Each structure stands twice: as C-alpha cells, then as structure tokens.
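Report on the structure
One-letter residues, chain by chain:
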Amino acid sequence: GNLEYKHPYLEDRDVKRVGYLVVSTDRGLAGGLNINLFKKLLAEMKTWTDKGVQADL
Amino acid sequence: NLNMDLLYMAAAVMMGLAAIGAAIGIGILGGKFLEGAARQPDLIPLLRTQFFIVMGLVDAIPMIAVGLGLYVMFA
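Residues numbered from 1 in each chain as written, not as in the entry; some residues may be left out. Chains lettered and ligands numbered in written order. Part of a larger assembly, values for the part shown. Heavy atoms only, no water.

Time to look at the packing of aromatic side chains. Within the structure shown, the criterion is met by three aromatic pairs over all chains. Summarising the aromatic geometry, the rings of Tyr71(B) and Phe74(B) are spaced 6.1 Å apart at their centres and angled 75° between planes, so their arrangement reads as edge-to-face. Taken as a pair, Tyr71(B) and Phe74(B) lie in helix α2 (residues 44-74) at a separation of three residues, close to a single helical turn. Given a relative accessible area of 52%, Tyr71(B) falls into the exposed group. The ring of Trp48(A) has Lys51(A) lying over it, and the distance from NZ or CZ to the ring centre is 4.6 Å. (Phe/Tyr/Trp six-rings, centres within 6.5 Å; stacked < 30°, edge-to-face > 60°. Helix = DSSP H or I, 4+ residues; strand = E, 2+ residues; numbered from the N terminus. Buried < 20%, exposed > 50% of the residue type's maximum accessible area, 1.4 Å probe, protein only. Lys NZ or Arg CZ within 6 Å of the ring centre and 35° of its normal.)

All names here are of chain A. Turning to its location among the elements, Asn-34 is positioned in helix α1 (residues 33-50). At 2.9 Å, the side chain of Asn-34 forms a polar contact with the side chain of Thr-25. Not counting residues up to four positions away in its chain, the partners in contact with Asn-34 are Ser-24 and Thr-25. (Polar contact = N/O pair within 3.5 Å; in protein donor to acceptor, adjacent residues only side chain to side chain. Contact = heavy atoms within 4.5 Å.)

So, about helix α1 (residues 2-39) of chain B. Residue and element names in this part refer to chain B. Compared with the 56 Å implied by 1.5 Å per residue over 38 residues, the 56 Å span of α1 between its first and last C-alpha is a close match. Turning to α1, its buried residues number three or more, namely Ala-11, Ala-18, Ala-22, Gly-30, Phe-33, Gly-36 and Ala-37. In this structure, the buried residues of α1 make contact with α2. (Expected span 1.5 Å × (residues − 1).)

The structure is reproduced here in structure tokens:
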C-alpha cells in the first residue's frame, strides 16, 4: 500500500555474511534425501564463501 | 460627539470576533485535510471536493457578522 515504511527485513543490502536454516531427519532409512539436500547446500555455500562471505548455519 | 466613535468601536470588536472565528475554523478543518492527504495521497482530489463542501459552512456565520460589521462601518 501507499503506507509503505522502511524496515530492516524489507530493505535490500549487499551480502557480506549469509545464513541458512537447514532441515534434516532424525531417522535413517530415508535413502538419499538428506545427502542430496546437503550436496545442493554445499555448492551454494561454496559459491558465496568464494565471494569471501562467511557462511552460517 | 461620542455617538460617532462608539459606532466605529462596535464594528471593530465585531469584526475581530468574525476574523478569529473564520481563521481558526478553516485552519482546524484544513489540518485534518492535510493529514488525509499525507496518509492517502491517491484520494486528495476526492478529499478536496469534500473539504470544500464543509469549508463554505464554517465561513457562512462569520461572513454574516462581517456584513453587519461593514454596515456599522458604512452607517
């Protein structure tokens, strides 16, 4: 709406540190569900940290 | 002769009350109009036509008192 404000969570800024929440099982026998997710996370976490960004989990 | 001067005086007090009455009344009404515009700037032409429906009534009684103030000036 027209009554738009400024707020830290709405404002846009350049990444100097990055965070991920990550969900995993407590139980095995799920096949590769965890590992495939963790591989995809490891690629992006590598890509940002090569930009010098400390990752956080 | 005091008859002339005190007629001059009676217009001047009656005029000042009408000037205050109008100036304050539309100042208050105009303040809420500017709050509406700052809150809701899409509607300001709509609110403008509302503000002028109301503004004429605030003026109406003070303008009568100006009419008598100018007649007691004139006569």
